[PDB]
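Asks: Show me how the following folds:
(chains A, B, C and D)
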Amino acid sequence: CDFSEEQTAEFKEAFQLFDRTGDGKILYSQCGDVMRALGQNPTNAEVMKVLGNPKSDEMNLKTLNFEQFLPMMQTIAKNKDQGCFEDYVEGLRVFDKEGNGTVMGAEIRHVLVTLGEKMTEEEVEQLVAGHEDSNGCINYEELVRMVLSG
Amino acid sequence: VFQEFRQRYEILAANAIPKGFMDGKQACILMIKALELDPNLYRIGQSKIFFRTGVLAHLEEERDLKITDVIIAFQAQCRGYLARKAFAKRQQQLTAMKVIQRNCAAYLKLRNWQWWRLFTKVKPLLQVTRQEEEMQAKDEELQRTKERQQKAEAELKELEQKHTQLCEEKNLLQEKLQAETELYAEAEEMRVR
Amino acid sequence: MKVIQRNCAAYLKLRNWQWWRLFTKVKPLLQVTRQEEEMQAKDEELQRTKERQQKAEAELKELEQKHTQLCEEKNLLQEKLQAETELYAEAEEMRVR
Amino acid sequence: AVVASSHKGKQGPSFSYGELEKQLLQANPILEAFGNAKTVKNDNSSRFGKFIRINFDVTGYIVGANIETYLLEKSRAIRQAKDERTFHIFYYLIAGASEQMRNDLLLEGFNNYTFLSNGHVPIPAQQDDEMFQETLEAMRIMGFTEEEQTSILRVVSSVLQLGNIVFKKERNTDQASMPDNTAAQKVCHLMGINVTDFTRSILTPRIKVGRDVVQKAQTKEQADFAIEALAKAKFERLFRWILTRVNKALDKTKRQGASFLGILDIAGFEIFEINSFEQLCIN
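Replies: Numbers count the residues shown, from 1 in each chain, chains lettered A, B, ... in the order given. Take a look:
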């Protein structure tokens, strides 16, 4: 394990902060978003690639002790390093149909809802810093920095 | 054309192609080499580069699939940011509310039993609180009237902006109308001639 | 300047005395009722703000009356302009013919 | 700017003049940099005619001013005769720009430009770097933002650079081609327009002629003429912007006045090895 005693202690203290129903554990459906909130950002698929069960009775029923959660978090902490600022800026540069930073909200909504795993009509509203009127014009450069800091 | 080929597919060789306003043809050669294409599948002109349909089409499919892959990576990053933001908010709110409700409940229980029971009997005689209530009411109504003033002045400014706009549009339309009437007269008199 | 000098010298001599600190603690608890004067001031300013509101609403109504007039004149001129443009086109095409 | 000044109620040449006088005394070096050049007759020769006027109140003090400027000898700027110079601002920029500024503007040193015949040409008594500093500072005193300074630098860089869009003619068709498309890419980047359209609108444009919109056959000479004409257009627009901006500084003053005093300054009698229309109007 790569984590120090202080880091493991910090993870325990963080694990204790969640308003769980006294399970003393963490649900397999929830643990992905816990790991996201507390540190590195895995994909929806990665939560299975860490050798968590890809099929089950229910992901809300499946649940893990800290002893099982810690290595699951450690492996992505070590092996799931996210892209560079240059990489995300390049991605958005290739995406941007206006080729000037000022992307259209409808196109952003398309590449989050339609492509990949479907991001919800509640998520997108909390992600988009601007608004989607008849213009829909928003600058991606702010958004890339926002998610880089996330 | 080479510049179109570069600007459409540069993502495939962005690490190999040097930055700056350099010769597009050289960038295309570098990209074609990075793809390791068989020299029978393309032909290099001075301006236009010829290619086999299926090969360029399949490279385009692969390139688009790679764009989907980075879209998924960005989706995971933004959802990560959202989750982190939500967690940071809700935990801060929870800790704040816990201490506040602890304090307020503790006080509320005690002020219903202690010397507040005596104080409350004297309280209605304390004219200062009544004058304070009056002052607060006057300040509240003053603030409301000031708010209505601000709104009235904003509405006034909006109407003023539309007034001058309509006036200028009227002026322009009148000028243009006079021009078209003169043009009609000039056309019609020459038509008769 | 003479009365200023009298005042400043008098204060300057005495302000190192300790009791002033206690006086400064006690005075704001006892002196000046304040709240009647504050209420009267708020009521006075409320009247002025209400007057400004009345004037703003009058100006708003004046601008509204002129706005609708200018809008109708604009509409009429636009309609007439389109008619004259069509007439010009009809005249000019037949002129060419 | 001293005798006509109204007294604010607040001695030497470092006296603090009024705001309008302060602008007026900076307008001269501003206009000179953009409008004067070296000729065989005069190292500080004005390429343009000008008229200043100052407006007075009934008391006899200054209350406003206006600066009129007439058509200028704009042709010479990219067709330089032997030992003659372009507008001073060009040399001041190319010499005075920091490495940061030079990269921002995509500029190079002297002799790197097709539009610069004779290459670098010297001038006595001046100090190009120091002049570059003081003219920018004069614009700051005239109340320019940093953006509206750098934007002028971008457009003046654009006319200087666009000369490097070199053409070669295809003998099989007589149409122009562009082997050095890098230059065009730099220019269209500095202008914030599409490189593909910028390239084809120069080399083989499609022009609306009445009802139809048709492919214009375009020679090397016609392409050269088109880009030089574009340089003239950019220059006229930038000079117009400067002249309007300097007048709008004064245009804060009210429309009332009692009378005025004018100052006329037209470019002098002038002759050299070539006498075209551009000199004739002035003479």
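Asks: Quick one: check stretch B:184-191 for contact with chain C.
Replies: Yes: using CB under 8 Å from any CB of the partner chain, we find that stretch B:184-191 touches chain C at B:184, B:187, B:188, B:190, B:191. The C-beta positions use only the backbone N, C-alpha and C, and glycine is treated the same way.
Asks: Only the buried subset of these, as a ChimeraX command please.
Replies: To isolate in ChimeraX the members of the residues of stretch B:184-191 next to chain C that are buried, counting by 16 or more other CB atoms under 10 Å in any protein chain shown, one can use:
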select /B:184,187,188
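Asks: Pick the one among the residues of stretch B:184-191 next to chain C closest to chain D.
Replies: residue B:187 (18.0 Å; CB to the nearest CB).
Asks: quick one: contacts for that closest one?
Replies: By CB atoms under 8 Å, 6 or more residues apart in numbering or on different chains, the residues touching residue B:187 are C:88, C:91, C:92, C:95.
Asks: Out of those, flag the one nearest to residue D:30.
Replies: The closest of the contacts of residue B:187 to residue D:30 turns out to be residue C:88 (CB to CB; 47.6 Å).
Asks: returning to what we had before: keep only those of the contacts of residue B:187 that are in helices.
Replies: Judged by DSSP state H, the subset of the contacts of residue B:187 located in helices is C:88, C:91, C:92, C:95.
Asks: May I see the residues you listed arranged in a markdown table, with distance to residue D:163 as well?
Replies: Shown next, in a markdown table, are these (distance: CB to CB, whole Å):
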| residue | distance to residue D:163 |
| --- | --- |
| C:88 | 46 |
| C:91 | 49 |
| C:92 | 45 |
| C:95 | 48 |
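Asks: just these now: which is nearest chain A?
Replies: residue C:88 (34.6 Å).
Asks: Now do the same contact list for the residue nearest the centre of chain B.
Replies: Residue closest to the average C-alpha location in chain B (CA atoms, centre = their mean): residue B:78, at 15.7 Å. Residue B:78 is in contact with A:112, A:119, A:127, A:143, A:147, A:150, counting by CB under 8 Å, 6+ apart.
Asks: Identify the residue nearest the first one in space, chain neighbours excluded?
Replies: Excluding the flanking residues, the one nearest residue A:112 by CB to CB, 6 or more residues apart in numbering or on different chains is residue A:119, at 4.2 Å.
Asks: Would you agree the one you found is in contact with residue A:113?
Replies: Yes: applying CB atoms under 8 Å, one finds residue A:119 in contact with residue A:113, separated by 6.0 Å.
Asks: Alongside chain D, which residues does chain B contribute?
Replies: So chain B meets chain D at B:3, B:4, B:7, B:21, B:22, B:23, B:24, B:47 (CB under 8 Å from any CB).
Asks: Can you say which of these are buried?
Replies: B:3, B:7, B:24.
Asks: ok so, going back, mind checking how far the residue nearest to residue A:112 is from chain C?
Replies: Per CB to the nearest CB, to the nearest Å, residue A:119 is found 45 Å from chain C.
Asks: you'd agree that residue is in a helix?
Replies: No: judged by DSSP: H, G, I helix; E, B strand; the rest coil, residue A:119 forms no part of a helix; its state is coil.
Asks: In chain A, mark out all the helices, start to finish.
Replies: Secondary structure of chain A (DSSP H): helices at A:5-17, A:28-38, A:46-49, A:66-79, A:85-95, A:105-113, A:123-127, A:140-148.
Asks: At the geometric centre of chain A, which residue do we find?
Replies: Closest residue to the average C-alpha location of chain A: residue A:41 at 4.4 Å, with CA atoms, centre = their mean.
Asks: wait, that residue sits on residue B:75?
Replies: No: using CB under 8 Å, residue A:41 is not in contact with residue B:75, being 9.9 Å away.
Asks: What residues does chain A have near chain B?
Replies: A:17, A:19, A:33, A:36-38, A:40-44, A:46, A:82-83, A:87-88, A:90-91, A:94-95, A:111-112, A:115-117, A:119, A:123, A:126-127, A:143, A:146-150.
Asks: Just the buried residues of these.
Replies: Of the residues of chain A next to chain B, these count as buried by 16+ other CB under 10 Å: A:33, A:36-38, A:40-43, A:46, A:82, A:88, A:90-91, A:95, A:111-112, A:116, A:119, A:123, A:127, A:143, A:146-147, A:150.
Asks: can you pull the contacts of the closest residue to chain A within the stretch 1-150 of chain D?
Replies: Across the stretch 1-150 of chain D, the shortest distance to chain A (CB to the nearest CB) belongs to residue D:147, at 17.3 Å. Residue D:147 makes contact with no residue under the criterion CB under 8 Å, 6+ apart.
Asks: What separation is there between it and residue D:187?
Replies: 21 Å (CB to CB, to the nearest Å).
Asks: can you check residue B:169 too?
Replies: 38 Å.
Asks: Those two: which has the busier surroundings?
Replies: residue D:187 (25 against 16; other CB atoms under 10 Å in any protein chain shown).
Asks: contacting residues around that one?
Replies: Here residue D:187 is in contact with D:158, D:161, D:162, D:165, D:198 (CB under 8 Å, 6+ apart).
Asks: now, among these, which is nearest to chain A?
Replies: Using CB to the nearest CB, residue D:198 comes nearest to chain A of the contacts of residue D:187, at 14.0 Å.
Asks: which SS class is the closest one?
Replies: Secondary structure assignment for residue D:198 (three-state DSSP): helix.
Asks: what do you get for residue D:263?
Replies: Here residue D:263 is recorded as strand under three-state DSSP.
Asks: List the beta-bridge partners for it.
Replies: residue D:52 (DSSP bridges).
Asks: ok, how many other residues are close to the residue of the stretch 1-150 of chain D found nearest chain C?
Replies: For the stretch 1-150 of chain D and chain C, the shortest gap (CB to the nearest CB) falls at residue D:9, measuring 23.2 Å. Burial measure for residue D:9: 4 neighbouring residues, criterion other CB under 10 Å.
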